[PDB]
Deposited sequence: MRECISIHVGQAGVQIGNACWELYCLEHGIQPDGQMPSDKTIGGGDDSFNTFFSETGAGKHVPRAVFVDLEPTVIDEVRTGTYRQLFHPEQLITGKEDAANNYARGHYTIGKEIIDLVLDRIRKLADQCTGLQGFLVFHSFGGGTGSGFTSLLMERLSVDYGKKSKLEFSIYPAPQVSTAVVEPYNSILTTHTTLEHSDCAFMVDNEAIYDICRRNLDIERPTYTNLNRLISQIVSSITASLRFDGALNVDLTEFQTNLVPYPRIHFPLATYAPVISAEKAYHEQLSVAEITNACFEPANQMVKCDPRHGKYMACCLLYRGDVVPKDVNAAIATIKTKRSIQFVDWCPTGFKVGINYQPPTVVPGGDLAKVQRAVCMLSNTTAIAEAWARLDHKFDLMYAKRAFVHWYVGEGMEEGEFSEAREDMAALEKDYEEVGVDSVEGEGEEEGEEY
């Protein structure tokens, strides 16, 4: 009952996975060899074998060996099943068409049957958690190949999707706009709730809240994983107001295509700061409505809120939460749509946020993850389709995609479909 299959794709998805499974193991008290010293709280994320070893309900997929061979060699080599860690020979080269048409076309059969052997091992099944990069060749092209299959083989099941999305200024690739726009069909047609996240926004949160002047990716992935633990904590633990994975969607998603919430977490804080402020429910609730804590570089004040899920965990009480969201309704800078008079879905769970012992983030009695559908996110799309337009006006890299089996017209058909999503988020604000 209440299982989730977690699929970690490309380097970004696998490295976020290596932080997610670092956290879930601590939170459930599972050793890095999969054993558990001394309730079924682990059952959402781990299959229990008769030997007394908890094996994760995960799949790790990359078209090249390097990152998963590191998972097969590091402290978690004993945890994972040796063929839920899946690797090809050939890198996708930041080319969507290698991921989707040419290279991922071979490994897909092995991936899909290893997913079947998890889904036939779940007694009921809540959904899929799919982790990837929008800018990658494996991230965009293999996830879009895999989701098209999962959306015919598992059509009823909720597909939740965690995406590292291109920034306003920070970028690692020249072709990041092409791979992201080609992905917009995947999220629109074959996903149920898609959590965009941005490297540059978390880099700024790290600088302001964690006091870390120059962070790596390990610092980022320890924030991105903490959101999925807080989304799933009601699926795993006792609470005053637990939220089911579809109860979540029935309050987040106002219209079939309007399923791109922002996400944020509070208190993101250094352990040295956390002694000198009290971090009450009202403080951490107000922190979620700061532009300073949004994990996509867009301003929520340039939008309207459609719905907010405030998923609290740890030592919080429904008195305090109602008294807090009453102050958020009083503030005229936080503007909801005219057609959502209720606005807030509240979840409250009794399990505090677990600290990764090597991490930068404080012990706190309370946290909230706020997941928030708002019109503002259309600016993160308006940034990136203006990067796409400069390059497609020249056909600037198109021969690498056409050379690997893609139709040239798919670039126009993807920029077109993105303009129809950017239309839909502007249309519902009125």
(message) Comparing the deposited sequence against the modelled residues, what ranges come up empty for C-alpha?
(response) 39 to 45, 438 to 451
